[PDB]
Amino acid sequence: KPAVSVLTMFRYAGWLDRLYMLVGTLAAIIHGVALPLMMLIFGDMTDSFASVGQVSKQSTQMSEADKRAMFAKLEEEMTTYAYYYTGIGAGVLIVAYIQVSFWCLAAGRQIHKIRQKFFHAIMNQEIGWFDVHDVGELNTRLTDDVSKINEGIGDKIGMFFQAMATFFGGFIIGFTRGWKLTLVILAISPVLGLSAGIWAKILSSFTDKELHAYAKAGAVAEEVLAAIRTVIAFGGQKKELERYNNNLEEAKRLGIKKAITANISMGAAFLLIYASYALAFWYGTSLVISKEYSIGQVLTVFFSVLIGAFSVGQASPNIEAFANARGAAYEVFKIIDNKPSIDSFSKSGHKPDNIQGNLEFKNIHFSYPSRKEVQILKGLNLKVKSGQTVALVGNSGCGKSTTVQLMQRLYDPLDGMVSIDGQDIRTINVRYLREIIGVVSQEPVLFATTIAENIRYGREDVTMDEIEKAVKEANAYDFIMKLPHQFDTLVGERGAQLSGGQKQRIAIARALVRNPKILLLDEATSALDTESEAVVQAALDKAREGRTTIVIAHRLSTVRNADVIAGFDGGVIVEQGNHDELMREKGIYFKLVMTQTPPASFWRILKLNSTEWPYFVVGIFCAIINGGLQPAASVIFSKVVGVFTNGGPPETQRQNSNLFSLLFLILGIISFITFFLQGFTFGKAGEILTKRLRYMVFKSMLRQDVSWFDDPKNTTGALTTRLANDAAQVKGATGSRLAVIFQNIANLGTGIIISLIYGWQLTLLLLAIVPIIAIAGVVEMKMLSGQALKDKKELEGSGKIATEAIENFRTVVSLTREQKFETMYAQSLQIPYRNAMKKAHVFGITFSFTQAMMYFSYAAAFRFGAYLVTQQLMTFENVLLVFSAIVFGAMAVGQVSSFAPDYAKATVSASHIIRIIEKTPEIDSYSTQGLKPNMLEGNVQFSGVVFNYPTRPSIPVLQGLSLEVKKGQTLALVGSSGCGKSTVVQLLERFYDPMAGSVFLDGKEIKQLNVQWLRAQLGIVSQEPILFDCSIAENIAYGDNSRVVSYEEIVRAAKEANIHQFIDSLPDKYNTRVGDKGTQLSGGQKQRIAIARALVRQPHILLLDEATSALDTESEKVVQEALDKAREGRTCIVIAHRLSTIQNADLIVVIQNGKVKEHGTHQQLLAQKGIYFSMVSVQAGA
Ligand SMILES: Brc1ccc(Oc2c(Br)cc(Br)cc2Br)c(Br)c1
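Residues numbered from 1 in each chain as written, not as in the entry; some residues may be left out. Heavy atoms only, no water.

Regarding how it was determined, this PDB entry cites X-ray crystallography in its header, along with a resolution of 4.10 Å.

Pasting the structure below:
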């Protein structure tokens, strides 16, 4: 919404840049004017053949006489015109170079200036300016927005004035050579803009419907794939498939309805568009039979107007490119023009010599850019004498740290003054102020250069002698010399990550080369290892006694030798003096001392599409007809101008022109009929395999075991995304692109035959010319992508040192040396700048070449069409036909290159969708194999079970585990922590087979047992019961599948689970909808319902996995009251974390490190004293 003045945007254009744009926009207009003139001469050549075409047929008496005056007219005329086109092609060769080159030159020259000015402005901003913005957005603003500015001021402007030249020059020749047809062509323009407007309404409305249509099926898939361990547990894998299949049926029916309406839309759209043209051209014929215009002029105005009319649409993108470049330049120039109060690049203020270093703070009130929300200093008074070292202590707020911020004049105070020596700090130069102040901060930062270079960021003029003394005087010498490469080592976020105390001494040595008169040490010893602390602390004490120093730290070890100590309380200075005095004061300081002591040939996807042997053959056959039907309009247009250039006697002409125009409209309605079919046939054929694919995928997905859905590569969202994209992409490959690619090869094929059999030696010429300009048009775009990628590679090296500069900013400004990054960024941009200059000559040559190879090509189309061919017996009416036929047949092949990525994007999406079906699990629930035992009673053997989760085969959970529980008993299971309690339930449910050992139930190994039958006698109840969006009657009936459960049977379960209090209380009762879609209710109810569906199954084994996990107060007392009633009649395994409710259990088992450690009844394990009795006495007292 915000934008920029048009002159301010080019503020960096001066002298030559202003000329480049003037000469560029001049030749751009000349380039645009050239095309409607190119068509103007196309009318005069018709009149040349027309005068001869009328007189040649008018004879029917003399033949040799027509070999004289006729050919004489032709050679003087045709050579005059052919001489003119060759001049036009030489003209466009020059102006197209001038157009693109100069604008890209002015762009590159300015964008170099933008960059430098804009990075200059970033470094000039005071700190308070950064505290209110994000530096990451700013850096992306540096590389992206400057690119948008370059796109707007570039060669797009020349293309704009080129298009307006074609537009103006278009209707000028349109108006002057005839004012009627133009008003007639503009009269049909609202109809064309109205038919395309029906598309903006149908698309935007129907694209939402399908995104709502599958959103109903994708919603089913998401609550399933999220609740997968529950559907696997109860074996609803046939229902959840069935229910996803039922939504696919509706999405198919909505997809075929969209296919019907959208194809009616296209066909009716074109048929209105092509009828609009034909009426404007038929009523061009109605004006020639009346002797107002010539057959050549009708062509001249008919093309020049449509060229200029379409030139409007070809200029619209360049308008938006210029407008976005303006809007992008607002926030950029806003930074450049913004002037700070502090600068730090300003050459102003005093520069005192012989600085003794007497500092005082007077009545300083201050607040960080959070402003009126918080005021961190409520007045202040503090002096520090020259040579002394004051220490600042404080409990919180870190107002200690604020004084270091103010001393560097990072911010100015609200009220008060900070005074170095006697002068106010605001009188001294900002840069010289920071050169007389050395800073060592908590987190040391080192730039991505050598050790010497980081030390060289203290002062630019320095020799390895002074680096050596600095690191040796900050005892960091002995510790780099052992490190290889000497001073020439590397440091940064990338490579040679060092010790913190090691990085701090390099910072101290960096601050030591600064030979400052003032020293600020903030938290430097804090957040650092204890032993290297003393090593750095020796350097700090050696960094002083030649300087006055303010130090802030939470280490009360460094503070004793400070000449004076100062404490803060609420921004107010309170205590000050020597250590002994503050201890006698017994205040804040004393109080803190005591406290701290694969693209491949995939045919099978089409073999699955072979389910419909018809529907393609209908569409293919119907597409090839539409392909062969499409040049016939060019054949008609050829003969409409042909027989009426080849007229002769004029009485018969008016009667044939009506016959052809009638044929055209019968030929368009039969084109509507054949294109309503080819779209419907593939549309239906695509929507039906969309179901088959999504059906078979969602079927195969429910087939893998829990080992596959635990994969971090496979989550619920990534699976629904993989489910939706892969099915829609393969639909597009077999969809419109294939009908169109066969329509177009039939378009050119039926066009090449007519042209080849109409023009001898002629078609063979064009087939030598057209492929060259097409390949020359492709090699340009490859060179375009190469130059684009290369410039991206070498400007990110500039933005990389700009990234280091701006998000490490508060350190560099503390070290000054902004001019250093200022220059480094300039040297980095000098390569893309001198590269951007070559870009202009490259784009200019390539563009001018492809334009000349088009004009020169069409000079050879006529010079050969006339002369050698027309001195022979071949005719003009066919030359016009071969042009339209070949040129449209080629431009229809241009759609093949546009649909190319739709194939690769689908094959890659197909690549995954064939793999996802064929992948088979280790534990397949679909296998009908298995024993299906007949005996009822239930035991459970775990014997020497060692288990590791397939996702994390590092720390074992089960190793040598052994259990046994009799029928009708409750097996309590206690653990120190982890899923060692829960993995038992997962292995009995056979979510996994164990690595070693085995688990049995009725004496039979479950590994050889039926997987589905096994899970059918299991009453799993988890800690967060997931309930699908449906009637609670079904959420309860979900516990028994392969059969519909009675109402009074799901009532009995609701009676058991003690949930029946709601189930009558609701207005809907058992038919209420739950799932946070129709109704919401708390967890205790969700849980009871899970108990209800658990014992609908009438299991012989309950599995209670921390059922009272998320639950509170009386809700625990009633759910336990339901669980305690559910067991005791069944085999039970309960791992609930309430050991008070576990006391009444037939056998309690303590799990240690995967091994069974301690088992027995409650009082038996309570008589023993160990883990269980520690587990029961850790929560009874707490
Ligand atoms: Br119908 C018909 C279509 C294209 C024809 O030649 C061209 C060609 Br070839 C290129 C361009 Br741009 C414009 C025209 Br008009 C002719 Br002549 C007749």
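Here the narrative resumes.
(A) Representation of the nonpolar core. In terms of nonpolar packing, the biggest core is built from 94 residues, with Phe119, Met123, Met407 and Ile550 touching the most fellow members. Tallying contributions element by element places helix α3 (residues 69-124) first for this core, with 17 residues. When residues of this core are sorted by domain, at least three fall in each of domain 1 (1-178 + 295-348 + 760-873) and domain 2 (359-595). The contacts of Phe119, once residues within four sequence positions are left out, are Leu142, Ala802, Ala805, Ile806, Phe821, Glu822 and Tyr825. In terms of nonpolar packing, the next biggest core, distinct from the first, is built from 68 residues, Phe709, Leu719, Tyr949 and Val999 among them. (Core = buried A, V, L, I, M, F, W, Y, C linked by side-chain atoms within 4.5 Å. Buried < 20%, exposed > 50% of the residue type's maximum accessible area, 1.4 Å probe, protein only. Helix = DSSP H or I, 4+ residues; strand = E, 2+ residues; numbered from the N terminus. Domains from an automatic or database assignment. Contact = heavy atoms within 4.5 Å.)

(B) Examining unusual backbone geometry more closely. Backbone geometry at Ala496 places phi at a positive 55 degrees, although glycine is not the residue there. Considering the arrangement of structural elements, one finds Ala496 in the loop between α16 (477-481) and α17 (500-513). Within the chain, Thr597 stands out as a residue other than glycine whose phi angle is a positive 55 degrees. You can see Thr597 is positioned in the loop between α20 (588-595) and α21 (604-609).

(C) Quick look at helix α5 (residues 135-153). In a regular helix each residue adds 1.5 Å, so 19 residues correspond to 27 Å; α5 covers 27 Å between its end C-alpha atoms and thus fits that length. Maximum bend of α5: about 35 degrees, positioned at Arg141. Buried within α5 we find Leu138, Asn139, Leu142, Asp145, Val146, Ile149, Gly152 and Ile153. (Expected span 1.5 Å × (residues − 1). Bend = angle between axes of the 7 residues up to and from the residue.)

(D) Molecular detail of the packing of helix α22 (residues 616-645) against helix α23 (residues 653-701). Across the interface, α22 lies against α23 with an axial gap of 8 Å and an inter-helix angle of 160 degrees. In terms of axis orientation, α22 runs roughly antiparallel to α23. Pair α22 / α23 crosses with left-handed handedness. Per-class residue counts for the contact of α22 with α23 are 22 nonpolar, seven polar and one charged. (Axes fitted to C-alpha atoms, helices over the stretch in contact; angles between N-to-C directions. Parallel < 35°, antiparallel > 145°, perpendicular 65-115°, else oblique. Left-handed = near helix turned anticlockwise from the far one by under 90°. Nonpolar A, V, L, I, M, F, W, Y, C, P; charged D, E, K, R; others polar.)

(E) Layout of the site of the ligand. Taken together, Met39, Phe42, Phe303, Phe637, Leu880, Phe883, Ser884 and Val887 are the residues near the ligand. Compared with its free state, where it exposes 500 Å², the ligand has 74% of that area covered by protein. For the shell around the ligand, the secondary structure elements donating two or more residues are α2 (16-59) and α30 (876-898). Per-element accounting of the shell around the ligand gives the leading share, four residues, to α30. For the shell around the ligand, a count of residues per class yields seven nonpolar, one polar and no charged. (Near = heavy atom within 4 Å. Areas by Shrake-Rupley, 256 points an atom, 1.4 Å probe, with all protein chains shown as cover.)

(F) Seen up close, the UniProt feature "binding site: ATP 2" in the protein. The positions that UniProt labels "binding site: ATP 2" are, in the present scheme, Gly975, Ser976, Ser977, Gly978, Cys979, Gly980, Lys981 and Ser982. When you line up the elements, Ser977 lands in the loop between β13 (970-975) and α32 (983-988). Given a relative accessible area of 57%, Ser977 falls into the exposed group. Relative to the assigned elements, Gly980 resides in the loop between β13 and α32. On the basis of relative accessible area, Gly980 is assigned to the buried category, the value being 7%. Excluding residues that lie within four positions of it along the chain, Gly980 makes contacts with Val957 and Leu958. (UniProt positions renumbered as here; feature names shortened; annotations may be inferred.)

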